[PDB]
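Protein chains in written order, with this note's numbering: chain A, 1 to 215; chain B, 1001 to 1192. Ideal Cβ placement from N, Cα and C applies to all residues, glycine included.
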Ligand SMILES: *[C@@H]1O[C@H](CO)[C@@H](O)[C@H](O)[C@H]1NC(C)=O
Ligand SMILES: *[C@@H]1O[C@H](CO)[C@@H](O)[C@H](O)[C@H]1NC(C)=O
Ligand SMILES: *[C@@H]1O[C@H](CO)[C@@H](O)[C@H](O)[C@H]1NC(C)=O
Ligand SMILES: *[C@@H]1O[C@H](CO)[C@@H](O)[C@H](O)[C@H]1NC(C)=O
Ligand SMILES: *[C@@H]1O[C@H](CO)[C@@H](O)[C@H](O)[C@H]1NC(C)=O
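Right under this line is the structure:
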């Protein structure tokens, strides 16, 4: 099963305040209007990075597992919500053939009505987590809208990752190295964005470096 | 015996360091806690072992030695010995027979401390904040960074504000002062 991504999958690409300016940038971004795979816990490729988003009603979706082989052969990431806490560890975990939750280490840390949005990418051995949360009132897809994910967490893991899986609806797409033109507003929030390579009018907006063009 | 390049009963059979060791060795006299008058036989050591260690082999394996050609199934009668002995540490031992606590520190997630100055406003300064540098006047600002934003940029990709990392307040960097020096003159032919 699949659905249309619309204009979601934008995050703040670097920690720099820009205000009332249409900053052009290239980074691993989710292509606008690409298909996302739709899930109601299979092992998935990770490729260059993942946009993961999840519609919520009861705290069903607790976390993720990341690695290459994902069965204790090499170190691997486990990120979990367990009742009143968040856990992160990177250990050579033995992983179940179907991991879930009921009703050698180098890094360890222990502290529908909603949509949760996450971007995972691994660059020069640092693993980047960007995320956003919102209320919603929708039952079948990602709602057509725009949001920018702030960064949360930026871990010196050093591990290779090429496969991941979820822990218990949610949607998955892959990031790609594309030019985006980002409208930073007067307070420094990204309020709008244009994916250049989408269509001739987007190539035009980006080449002129404006969200609107005269004839 | 505890170094790169060194040899001895520990350095062959208990604790090897690589001869180009990335690290240091630290040790201190511990008569005052590791030793008591009854003989603190608590600490053991590998007095015998076949072949030799590699660096960092904490080989806990404990079976009877046996030298030359003899079989040995315990009993340890002749030419074969149990591989460990205790240290007989007592507070009355002489300095070289006293116990010493050793620590070896052996060597991206670890760093030494990076130390700030106090912060000066409204003066020409050669500044550094987290990863960056500049020359400027640093001044208090009415900008409002988002909680994760650290710098702030001018339109031609020139940095013009920064968050102080210790006190989470925003500074409006201004360029340090420069200008042309023009000399305005009647002709020399007139006056100097
Ligand atoms: C896959 O994406 C295309 C748009 O590129 C869309 O037309 C098609 O219906 C999608 N496939 C499925 C199974 O939804
Ligand atoms: C979550 O699990 C960790 C062990 O990984 C435990 O220390 C922590 O107390 C648990 N938290 C809650 C809220 O149950
Ligand atoms: C910027 O944030 C402040 C709250 O700190 C808010 O009052 C103001 O309206 C925001 N400005 C814009 C343009 O949204
Ligand atoms: C830095 O230390 C001061 C106390 O001198 C404290 O008030 C401030 O919140 C601390 N800031 C951070 C980011 O830890
Ligand atoms: C300028 O100085 C020269 C001498 O070097 C003199 O001959 C000439 O008359 C002077 N002219 C004027 C306008 O002062």
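For ligand 2, is there a heavy atom less than 7 Å away from the beta-carbon of residue i?
| i | result |
| --- | --- |
| residue 85/A | yes |
| residue 90/A | no |
| residue 82/A | yes |
| residue 119/A | no |
| residue 103/A | no |
| residue 1120/B | no |
| residue 110/A | yes |
For residue i, which residues of its own chain have a beta-carbon under 8 Å away from its beta-carbon, when the five flanking residues on both sides are left out?
| i | result |
| --- | --- |
| residue 136/A | 55, 112, 113, 114, 115, 143 |
| residue 1159/B | 1132, 1134, 1151, 1152, 1153, 1173 |
| residue 1102/B | 1002, 1025, 1026, 1027 |
| residue 203/A | 196, 197 |
| residue 1118/B | none |
| residue 1081/B | 1047, 1048, 1064, 1065 |
| residue 107/A | 88, 89, 90, 155, 156, 157 |
Contact check, residue i vs residue j under 8 Å by CB: the rounded distance?
| i | j | result |
| --- | --- | --- |
| residue 1145/B | residue 1152/B | 6 Å |
| residue 129/A | residue 146/A | That belief does not hold up - the Cβ atoms of residue 129/A and residue 146/A are roughly 20 Å apart, past 8 Å. |
| residue 44/A | residue 164/A | 6 Å |
| residue 41/A | residue 100/A | 7 Å |
| residue 17/A | residue 46/A | Not really, about 31 Å apart at Cβ, beyond 8 Å. |
| residue 205/A | residue 24/A | About 10 Å separates the two Cβ atoms, so there is no contact after all. |
| residue 175/A | residue 28/A | 4 Å |
| residue 52/A | residue 120/A | 7 Å |
What residues in its chain sit with their C-beta under 6 Å from that of residue i, if we drop five residues either side in the sequence?
| i | result |
| --- | --- |
| residue 1107/B | 1022, 1023 |
| residue 1088/B | 1039 |
| residue 198/A | 32 |
| residue 88/A | 79, 109 |
| residue 39/A | 170 |
| residue 1067/B | 1079 |
| residue 1012/B | 1052 |
Would the beta-carbon of residue i be found less than 7 Å away from any heavy atom of ligand 4?
| i | result |
| --- | --- |
| residue 1166/B | yes |
Closer than 7 Å: is that where the CB of residue i sits relative to any heavy atom of ligand 3?
| i | result |
| --- | --- |
| residue 185/A | yes |
Beta carbon of residue i, beta carbon of residue j: below 8 Å?
| i | j | result |
| --- | --- | --- |
| residue 1130/B | residue 1149/B | no |
| residue 1114/B | residue 1056/B | no |
| residue 1046/B | residue 1083/B | yes |
| residue 62/A | residue 90/A | no |
| residue 185/A | residue 68/A | no |
| residue 1002/B | residue 1025/B | yes |
| residue 1035/B | residue 1091/B | yes |
| residue 1051/B | residue 1099/B | no |
| residue 11/A | residue 152/A | no |
| residue 1167/B | residue 156/A | no |
| residue 141/A | residue 7/A | no |
| residue 168/A | residue 60/A | yes |
| residue 158/A | residue 125/A | yes |
| residue 72/A | residue 93/A | yes |
| residue 26/A | residue 179/A | yes |
| residue 1161/B | residue 1141/B | yes |
| residue 201/A | residue 193/A | no |
| residue 122/A | residue 9/A | no |
| residue 21/A | residue 1184/B | no |
Just to confirm my understanding: we take residue i, look at its own chain, exclude 5 residues before and 5 after, and list those with CB closer than 7 Å. What are they?
| i | result |
| --- | --- |
| residue 34/A | 5, 173 |
| residue 1197/B | Missing from the structure shown is residue 1197/B; chain B here goes from 1001 to 1192 and no further. |
| residue 1138/B | 1121, 1125, 1127, 1171, 1173 |
| residue 1062/B | 1083, 1084 |
| residue 1116/B | 1166 |
Cβ of residue i versus every heavy atom of ligand 1: is any distance shorter than 7 Å?
| i | result |
| --- | --- |
| residue 47/A | no |
| residue 2/A | yes |
| residue 35/A | yes |
Sorry if obvious, but does the Cβ on residue i come closer than 7 Å to a heavy atom of ligand 5?
| i | result |
| --- | --- |
| residue 1192/B | no |
| residue 1142/B | no |
| residue 1128/B | no |
How is residue i classed by DSSP in three states: helix, strand or coil?
| i | result |
| --- | --- |
| residue 1183/B | coil |
| residue 1160/B | strand |
| residue 4/A | strand |
| residue 1011/B | helix |
| residue 1133/B | strand |
| residue 1169/B | coil |
| residue 45/A | strand |
| residue 200/A | helix |
| residue 1096/B | helix |
| residue 132/A | strand |
| residue 208/A | helix |
| residue 70/A | coil |
| residue 231/A | A query on residue 231/A cannot be resolved here, the shown segment of chain A reaching from 1 to 215 and no further. |
| residue 1033/B | helix |
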